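Shown next: work_27.cif, given as mmCIF, C-alpha atoms and all ligand atoms.
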```cif
data_model
#
loop_
_atom_site.label_atom_id
_atom_site.label_comp_id
_atom_site.auth_asym_id
_atom_site.auth_seq_id
_atom_site.Cartn_x
_atom_site.Cartn_y
_atom_site.Cartn_z
CA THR A 5 87.31 103.55 118.20
CA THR A 6 87.70 101.48 115.06
CA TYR A 7 90.44 103.84 113.84
CA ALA A 8 92.31 103.36 117.16
CA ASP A 9 92.07 99.55 116.74
CA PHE A 10 93.31 99.72 113.19
CA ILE A 11 96.26 101.97 114.12
CA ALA A 12 97.26 99.68 116.98
CA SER A 13 97.01 96.58 114.72
CA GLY A 14 99.92 94.89 112.95
CA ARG A 15 98.50 95.57 109.47
CA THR A 16 98.80 99.30 108.90
CA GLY A 17 101.99 98.87 106.83
CA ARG A 18 102.31 97.49 103.30
CA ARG A 19 100.39 94.23 102.96
CA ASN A 20 101.96 91.29 101.17
CA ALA A 21 100.18 89.15 98.59
CA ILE A 22 99.39 85.55 99.46
CA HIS A 23 100.50 82.80 96.99
CA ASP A 24 99.34 79.46 98.54
CA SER B 14 80.02 104.62 72.12
CA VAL B 15 81.73 102.72 74.96
CA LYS B 16 80.90 99.37 73.34
CA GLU B 17 82.43 100.53 70.04
CA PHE B 18 85.51 101.99 71.77
CA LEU B 19 85.93 98.61 73.50
CA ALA B 20 85.40 96.63 70.26
CA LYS B 21 88.33 98.50 68.67
CA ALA B 22 90.41 98.32 71.84
CA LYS B 23 90.05 94.52 71.70
CA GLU B 24 91.34 94.36 68.12
CA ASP B 25 94.39 96.33 69.26
CA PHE B 26 94.89 94.09 72.23
CA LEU B 27 94.54 90.78 70.40
CA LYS B 28 97.17 91.62 67.75
CA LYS B 29 99.74 92.17 70.53
CA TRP B 30 98.49 89.30 72.70
CA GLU B 31 99.02 86.89 69.79
CA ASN B 32 102.44 88.32 68.82
CA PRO B 33 104.13 89.69 71.93
CA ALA B 34 107.07 92.09 71.86
CA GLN B 35 110.26 90.51 73.15
CA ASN B 36 113.81 91.64 73.96
CA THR B 37 113.32 95.36 73.17
CA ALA B 38 116.17 96.80 75.33
CA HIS B 39 119.20 95.82 77.49
CA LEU B 40 120.15 96.69 81.11
CA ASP B 41 123.21 98.66 79.97
CA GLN B 42 120.88 101.20 78.27
CA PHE B 43 119.63 102.36 81.71
CA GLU B 44 121.12 104.24 84.63
CA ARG B 45 119.72 102.88 87.90
CA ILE B 46 118.74 105.65 90.32
CA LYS B 47 116.66 104.49 93.33
CA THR B 48 114.61 101.55 94.55
CA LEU B 49 110.93 102.54 94.56
CA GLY B 50 109.67 99.38 96.20
CA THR B 51 110.07 95.65 96.71
CA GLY B 52 108.15 92.37 96.40
CA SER B 53 108.80 88.72 97.31
CA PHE B 54 110.72 87.97 94.06
CA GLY B 55 111.53 91.43 92.72
CA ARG B 56 112.00 95.14 93.01
CA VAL B 57 111.07 98.28 91.12
CA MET B 58 113.72 100.97 90.50
CA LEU B 59 113.64 104.46 89.05
CA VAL B 60 115.96 104.39 86.02
CA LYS B 61 117.09 106.83 83.33
CA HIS B 62 117.10 105.68 79.71
CA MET B 63 120.44 107.07 78.53
CA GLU B 64 119.70 107.65 74.83
CA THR B 65 116.58 109.79 75.49
CA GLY B 66 117.14 110.91 79.10
CA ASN B 67 113.59 109.75 79.91
CA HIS B 68 112.86 108.38 83.39
CA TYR B 69 111.10 105.02 83.78
CA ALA B 70 110.29 102.46 86.46
CA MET B 71 112.09 99.17 85.97
CA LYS B 72 110.65 96.08 87.61
CA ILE B 73 113.41 93.55 88.15
CA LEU B 74 112.41 89.94 88.90
CA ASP B 75 114.87 87.30 90.09
CA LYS B 76 114.04 84.22 87.96
CA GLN B 77 115.21 81.77 90.68
CA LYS B 78 112.94 83.48 93.23
CA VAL B 79 110.06 83.52 90.72
CA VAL B 80 110.49 79.74 90.38
CA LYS B 81 110.71 79.03 94.13
CA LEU B 82 107.47 80.97 94.62
CA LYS B 83 105.69 79.08 91.81
CA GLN B 84 105.07 82.31 89.87
CA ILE B 85 106.49 81.34 86.43
CA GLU B 86 103.12 81.20 84.66
CA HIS B 87 101.88 84.30 86.51
CA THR B 88 105.03 86.24 85.47
CA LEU B 89 104.60 85.24 81.83
CA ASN B 90 100.97 86.41 82.10
CA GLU B 91 102.10 89.77 83.52
CA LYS B 92 104.54 90.53 80.72
CA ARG B 93 102.31 89.22 77.89
CA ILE B 94 99.36 91.27 79.14
CA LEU B 95 101.26 94.43 79.98
CA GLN B 96 102.87 94.64 76.58
CA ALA B 97 99.45 94.29 74.88
CA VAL B 98 97.19 96.67 76.81
CA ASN B 99 96.65 100.38 76.26
CA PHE B 100 94.59 102.55 78.61
CA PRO B 101 95.09 105.93 80.29
CA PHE B 102 95.20 104.45 83.81
CA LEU B 103 97.56 101.58 82.97
CA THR B 104 101.31 101.95 82.70
CA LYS B 105 102.50 101.08 79.22
CA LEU B 106 105.26 98.53 79.07
CA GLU B 107 107.87 100.52 77.12
CA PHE B 108 110.50 97.79 77.05
CA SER B 109 111.16 94.28 78.28
CA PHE B 110 114.15 91.95 78.34
CA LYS B 111 115.96 89.31 80.40
CA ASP B 112 119.51 88.24 81.14
CA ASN B 113 121.11 85.24 82.90
CA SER B 114 119.53 86.10 86.29
CA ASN B 115 116.64 88.49 85.97
CA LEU B 116 113.51 89.58 84.13
CA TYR B 117 113.07 93.27 83.40
CA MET B 118 109.95 95.27 82.64
CA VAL B 119 110.32 98.98 81.96
CA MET B 120 107.21 101.12 82.27
CA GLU B 121 106.25 104.75 82.73
CA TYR B 122 107.37 106.41 85.97
CA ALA B 123 104.62 107.70 88.26
CA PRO B 124 106.30 110.34 90.47
CA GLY B 125 103.38 110.77 92.83
CA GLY B 126 104.11 107.53 94.71
CA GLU B 127 101.64 104.95 96.04
CA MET B 128 98.07 105.89 97.02
CA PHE B 129 98.84 103.81 100.15
CA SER B 130 101.40 106.29 101.37
CA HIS B 131 99.10 109.31 101.09
CA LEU B 132 96.11 107.42 102.39
CA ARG B 133 97.89 106.35 105.57
CA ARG B 134 99.53 109.73 106.19
CA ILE B 135 96.40 111.82 105.59
CA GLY B 136 94.22 109.22 107.31
CA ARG B 137 91.28 109.04 104.94
CA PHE B 138 90.04 110.60 101.75
CA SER B 139 86.92 112.78 101.38
CA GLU B 140 84.08 111.14 99.44
CA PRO B 141 84.80 113.23 96.32
CA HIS B 142 88.50 112.39 96.63
CA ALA B 143 87.76 108.66 96.88
CA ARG B 144 85.18 108.89 94.07
CA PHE B 145 87.72 110.42 91.68
CA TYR B 146 90.10 107.46 92.19
CA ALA B 147 87.17 105.02 92.20
CA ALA B 148 85.94 106.17 88.81
CA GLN B 149 89.39 105.52 87.29
CA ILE B 150 89.34 101.96 88.66
CA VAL B 151 85.78 101.37 87.39
CA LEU B 152 86.87 102.39 83.87
CA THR B 153 90.07 100.36 84.05
CA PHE B 154 88.22 97.17 85.09
CA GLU B 155 85.59 97.76 82.41
CA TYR B 156 88.51 97.83 79.95
CA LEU B 157 90.41 94.85 81.36
CA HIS B 158 87.31 92.68 81.79
CA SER B 159 86.21 93.39 78.22
CA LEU B 160 89.52 91.80 77.19
CA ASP B 161 88.74 88.70 79.30
CA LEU B 162 91.38 89.84 81.79
CA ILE B 163 90.89 89.43 85.53
CA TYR B 164 93.13 91.75 87.65
CA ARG B 165 93.15 90.25 91.20
CA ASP B 166 95.75 92.54 92.95
CA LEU B 167 93.73 95.72 93.71
CA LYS B 168 94.96 97.61 96.80
CA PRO B 169 96.27 101.12 97.61
CA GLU B 170 99.87 99.81 97.67
CA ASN B 171 99.52 99.07 93.96
CA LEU B 172 97.85 102.26 92.81
CA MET B 173 100.47 104.77 91.67
CA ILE B 174 99.78 108.51 91.38
CA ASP B 175 101.08 110.38 88.34
CA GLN B 176 102.18 114.02 88.05
CA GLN B 177 98.60 115.16 87.30
CA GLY B 178 97.16 113.25 90.31
CA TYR B 179 95.56 110.47 88.26
CA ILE B 180 95.98 106.71 88.92
CA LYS B 181 98.30 104.25 87.26
CA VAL B 182 97.70 100.53 87.69
CA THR B 183 101.14 98.89 87.19
CA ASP B 184 101.36 95.40 88.69
CA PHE B 185 99.87 92.53 86.68
CA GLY B 186 101.48 89.60 88.51
CA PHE B 187 98.07 88.07 89.23
CA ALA B 188 96.33 89.21 86.07
CA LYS B 189 95.09 86.40 83.82
CA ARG B 190 93.29 86.10 80.47
CA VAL B 191 90.55 83.59 81.23
CA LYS B 192 87.11 83.19 79.74
CA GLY B 193 85.78 80.66 82.29
CA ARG B 194 86.15 80.15 86.00
CA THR B 195 89.59 80.16 87.59
CA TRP B 196 90.84 78.77 90.92
CA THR B 197 94.20 80.13 92.05
CA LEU B 198 94.25 81.31 95.64
CA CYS B 199 95.94 84.69 95.20
CA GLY B 200 95.72 88.33 96.19
CA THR B 201 95.88 90.21 99.50
CA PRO B 202 93.91 88.97 102.53
CA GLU B 203 91.98 92.21 103.11
CA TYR B 204 90.88 92.31 99.43
CA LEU B 205 89.82 88.63 98.92
CA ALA B 206 86.27 87.95 97.86
CA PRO B 207 84.50 85.14 99.84
CA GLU B 208 84.51 82.90 96.70
CA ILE B 209 88.28 82.89 96.70
CA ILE B 210 88.57 82.20 100.38
CA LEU B 211 86.06 79.37 100.05
CA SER B 212 88.07 77.67 97.24
CA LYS B 213 85.35 78.02 94.64
CA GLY B 214 85.93 78.65 91.00
CA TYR B 215 85.58 82.37 90.63
CA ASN B 216 85.53 85.00 87.93
CA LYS B 217 85.98 88.75 87.38
CA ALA B 218 83.35 89.51 90.07
CA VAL B 219 86.19 89.28 92.60
CA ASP B 220 87.65 92.51 91.15
CA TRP B 221 84.30 94.29 91.81
CA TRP B 222 84.31 93.00 95.40
CA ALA B 223 87.93 94.26 95.67
CA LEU B 224 86.70 97.65 94.42
CA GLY B 225 84.27 97.76 97.35
CA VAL B 226 87.10 97.08 99.79
CA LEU B 227 89.18 99.84 98.19
CA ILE B 228 86.42 102.46 98.21
CA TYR B 229 85.68 101.57 101.85
CA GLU B 230 89.34 101.80 102.82
CA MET B 231 89.80 105.05 100.89
CA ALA B 232 86.80 106.74 102.60
CA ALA B 233 87.19 105.20 106.08
CA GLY B 234 90.98 105.16 106.40
CA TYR B 235 90.86 101.44 107.26
CA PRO B 236 89.56 98.37 105.44
CA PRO B 237 86.15 96.75 106.07
CA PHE B 238 87.69 93.51 107.40
CA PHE B 239 90.81 93.76 109.48
CA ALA B 240 92.60 91.86 112.21
CA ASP B 241 96.15 90.98 113.24
CA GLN B 242 96.25 87.62 111.38
CA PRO B 243 94.94 86.66 107.93
CA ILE B 244 92.83 83.74 109.35
CA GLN B 245 90.85 86.24 111.45
CA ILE B 246 90.42 88.50 108.39
CA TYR B 247 89.07 85.55 106.38
CA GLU B 248 86.48 84.75 109.11
CA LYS B 249 85.29 88.36 108.98
CA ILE B 250 85.12 88.32 105.19
CA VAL B 251 83.09 85.07 105.04
CA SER B 252 80.77 85.89 108.02
CA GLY B 253 78.93 88.38 105.80
CA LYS B 254 78.91 91.51 108.02
CA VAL B 255 80.28 95.01 107.35
CA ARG B 256 79.95 98.10 109.56
CA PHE B 257 80.30 101.58 108.08
CA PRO B 258 81.66 104.71 109.76
CA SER B 259 78.87 107.12 110.76
CA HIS B 260 80.35 109.74 108.43
CA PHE B 261 79.74 107.53 105.34
CA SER B 262 76.98 109.06 103.19
CA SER B 263 73.83 106.98 102.58
CA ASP B 264 74.76 106.63 98.86
CA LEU B 265 78.28 105.46 99.69
CA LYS B 266 76.87 102.85 102.07
CA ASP B 267 74.39 101.60 99.47
CA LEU B 268 77.11 101.30 96.80
CA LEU B 269 79.29 99.31 99.21
CA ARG B 270 76.48 96.92 100.27
CA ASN B 271 76.11 96.03 96.57
CA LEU B 272 79.87 95.64 95.89
CA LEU B 273 80.68 93.83 99.16
CA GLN B 274 77.89 91.42 98.42
CA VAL B 275 78.58 87.71 99.07
CA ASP B 276 75.70 86.73 96.76
CA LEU B 277 77.03 86.67 93.16
CA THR B 278 73.49 87.02 91.78
CA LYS B 279 73.38 90.49 93.41
CA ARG B 280 76.94 91.81 93.32
CA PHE B 281 77.25 94.96 91.25
CA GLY B 282 79.50 94.50 88.26
CA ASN B 283 78.28 90.94 87.89
CA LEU B 284 74.68 91.39 86.83
CA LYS B 285 72.84 91.75 83.51
CA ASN B 286 73.55 95.49 83.34
CA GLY B 287 77.23 94.81 84.09
CA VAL B 288 79.34 97.88 84.85
CA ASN B 289 76.47 100.35 84.28
CA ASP B 290 74.92 99.31 87.61
CA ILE B 291 78.04 100.91 89.10
CA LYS B 292 78.41 103.90 86.74
CA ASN B 293 74.77 104.91 87.11
CA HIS B 294 74.66 104.47 90.89
CA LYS B 295 73.75 107.64 92.84
CA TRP B 296 77.13 107.92 94.57
CA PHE B 297 78.57 108.44 91.03
CA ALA B 298 75.89 110.92 89.87
CA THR B 299 78.42 113.78 89.84
CA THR B 300 80.93 111.73 87.86
CA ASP B 301 81.51 112.72 84.23
CA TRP B 302 82.86 109.39 83.01
CA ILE B 303 84.05 110.80 79.70
CA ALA B 304 85.84 113.66 81.47
CA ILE B 305 87.56 111.17 83.82
CA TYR B 306 88.78 109.09 80.83
CA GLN B 307 89.99 112.23 79.02
CA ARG B 308 91.80 113.42 82.20
CA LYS B 309 89.99 116.76 82.10
CA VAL B 310 88.75 116.51 85.69
CA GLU B 311 90.87 118.44 88.26
CA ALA B 312 92.52 116.03 90.63
CA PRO B 313 91.50 116.89 94.21
CA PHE B 314 95.09 116.06 95.26
CA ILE B 315 98.08 116.83 92.96
CA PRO B 316 101.55 115.79 93.93
CA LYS B 317 104.54 117.77 95.17
CA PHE B 318 107.02 117.68 92.27
CA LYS B 319 110.49 119.34 92.21
CA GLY B 320 112.28 117.68 89.25
CA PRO B 321 112.08 114.91 86.56
CA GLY B 322 113.52 112.05 88.65
CA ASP B 323 112.44 113.36 92.06
CA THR B 324 111.41 110.52 94.46
CA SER B 325 110.28 112.33 97.65
CA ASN B 326 106.80 110.78 97.36
CA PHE B 327 108.31 107.29 97.74
CA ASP B 328 109.68 105.60 100.84
CA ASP B 329 113.39 104.78 101.15
CA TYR B 330 114.46 101.15 100.59
CA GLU B 331 117.79 99.46 101.13
CA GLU B 332 119.68 99.52 97.83
CA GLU B 333 120.88 96.11 96.70
CA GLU B 334 123.05 95.29 93.69
CA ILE B 335 121.68 93.94 90.46
CA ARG B 336 123.75 90.79 90.12
CA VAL B 337 123.89 88.91 86.85
CA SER B 338 125.26 85.37 87.05
CA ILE B 339 127.69 84.20 84.33
CA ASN B 340 125.37 81.17 83.99
CA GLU B 341 121.85 81.36 82.51
CA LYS B 342 119.22 80.53 85.13
CA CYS B 343 115.85 78.98 84.29
CA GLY B 344 116.18 79.43 80.48
CA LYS B 345 113.43 77.01 79.49
CA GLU B 346 110.93 78.26 82.06
CA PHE B 347 111.13 81.84 80.72
CA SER B 348 111.86 81.16 77.04
CA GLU B 349 108.85 83.18 75.82
CA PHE B 350 109.59 86.23 78.00
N1 LIG A 401 103.55 99.58 94.43
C1 LIG A 401 104.21 98.27 94.18
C2 LIG A 401 105.73 98.37 93.86
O1 LIG A 401 106.37 98.87 95.04
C3 LIG A 401 106.31 97.01 93.48
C4 LIG A 401 107.62 96.69 93.80
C5 LIG A 401 108.15 95.47 93.45
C6 LIG A 401 107.38 94.56 92.79
CL1 LIG A 401 108.06 93.01 92.36
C7 LIG A 401 106.08 94.84 92.46
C8 LIG A 401 105.54 96.07 92.80
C9 LIG A 401 105.82 99.42 92.73
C10 LIG A 401 106.51 100.61 92.91
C11 LIG A 401 106.59 101.55 91.90
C12 LIG A 401 105.97 101.32 90.67
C13 LIG A 401 106.05 102.32 89.58
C14 LIG A 401 106.43 103.65 89.69
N2 LIG A 401 106.38 104.28 88.52
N3 LIG A 401 105.96 103.33 87.65
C15 LIG A 401 105.75 102.16 88.26
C16 LIG A 401 105.28 100.13 90.49
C17 LIG A 401 105.20 99.19 91.51
#
```

Give the structure from the file, written as structure tokens.
Amino acid sequence: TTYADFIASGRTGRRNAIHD
Amino acid sequence: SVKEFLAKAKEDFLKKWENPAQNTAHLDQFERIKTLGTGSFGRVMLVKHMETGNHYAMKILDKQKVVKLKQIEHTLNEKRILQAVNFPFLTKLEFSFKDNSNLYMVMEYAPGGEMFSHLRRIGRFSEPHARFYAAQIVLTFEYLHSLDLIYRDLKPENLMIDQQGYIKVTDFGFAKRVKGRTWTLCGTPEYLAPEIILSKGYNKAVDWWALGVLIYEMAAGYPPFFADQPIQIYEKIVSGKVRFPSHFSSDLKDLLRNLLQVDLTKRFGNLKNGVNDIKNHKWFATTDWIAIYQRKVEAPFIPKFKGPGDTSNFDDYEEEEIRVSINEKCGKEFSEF
């Protein structure tokens, strides 16, 4: 499931801004 | 009238934009209580203003770290904007000041914590739950955009919940007053419009794309474009393909196809009818926009609240001193702060 893939991914925690 | 309300709001804004408040408190006036969160060059702490006993959130930026990250101009934008705006879903800047080491911005405390925390824990929000938050963002962008402000940092992590369950937008580090196109690559991978990723000049339409991402994430429990690395997220964003959960209503899906629209000539928010394309969309048919602005709508989720400076809705962060060098750092760079 898409939820299962999300939960197993490395980006379920707080996501940092990008700055370039 | 909305247009008339906005006309007057702009007069209020411009007076403060042109003559910003400066040096309106001092660190020694506050008792530091708990770190509420962190960023690359700063932190936010719950503090108590001693003379009133009011609680506030105090954003503390290390000037040296601001410089190393090339965020001087962006930080001056944040403070100048925050001190000038006034809207129910924005945190007022109550005070600001600086010392040898740091920049300080004191704003209202939102005890409900980050939307992010509740979203992840609960898994996803019902459509009415998401719609209630969504409407507050629509109104806030309508306000900011009317002031020629672009926001650029929309995400659940940066949407604070107040004691009544309403939203506060607090972080203006990427907010900019710009009438034309702008070009800075900034924001959060999951929330980037294609225009940004593709290194085009872009405008406030990127905020309306970010709204689509947020509504999707709120209702699905995960964002529309995700992967383990940012490069893979960017390829998904630019490819021009979104899949919706089967539980998404037909109206929700149609709203999202028009917000998460790569074609700027068709993206809602961006067209002739502007924000009314969004407000008058069928998914929002039950929304009483006036009642949302007046905070007369019952929040579908209202936060657990035990005392004035209670922090149970926030995560725990390592506490780190607030060090103030005996030498002034970066004086020229931050002179106007
Ligand atoms: N949600 C974002 C961050 O965690 C935060 C922390 C550090 C920096 Cl530099 C930027 C943003 C935050 C936490 C709490 C508050 C807050 C709480 N009440 N009022 C504002 C605002 C931002």

Requested in this report: Determine which residues of chain B sit within 9 Å of chain A, taking into account all atoms listed in the file, and present them as number ranges by chain.
Outcome: B: 52-53, 82-84, 129, 133, 166, 168, 170, 197-203, 233-236, 239-242, 258

Query - Selection as a PyMOL selection string: residues within 10 Å of ligand LIG 401 (chain A) by only C-alpha atoms and all ligand atoms - result: (chain A and resi 18) or (chain B and resi 48-60+68-75+79+103-106+118-130+168-175+181-186+324+327-328)

**Report entry** Selection: 10 Å around residue 254 of chain B, all atoms listed in the file, excl. self and same-chain fewer than 3 positions, as a PyMOL selection string
**Finding:** chain B and resi 237-238+249-251+270+273-275

Query raised in the report: Using only C-alpha atoms, which residue out of B:151, B:205, B:229, B:80 lies closest to residue 261 of chain B?
Result: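 Closest residue, counting only C-alpha atoms: B:229.
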
Test item: axis-aligned box, all listed atoms of segment 335-350 of chain B, 8 Å on each side, centre and edges in Å rounded to one decimal, as AutoDock Vina command-line options:
```
--center_x 118.3 --center_y 85.5 --center_z 83.1 --size_x 34.8 --size_y 32.9 --size_z 30.6
```

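You will find atom CA of residue 97 of chain B at 4.8 Å from atom CA of residue 29 of chain B.
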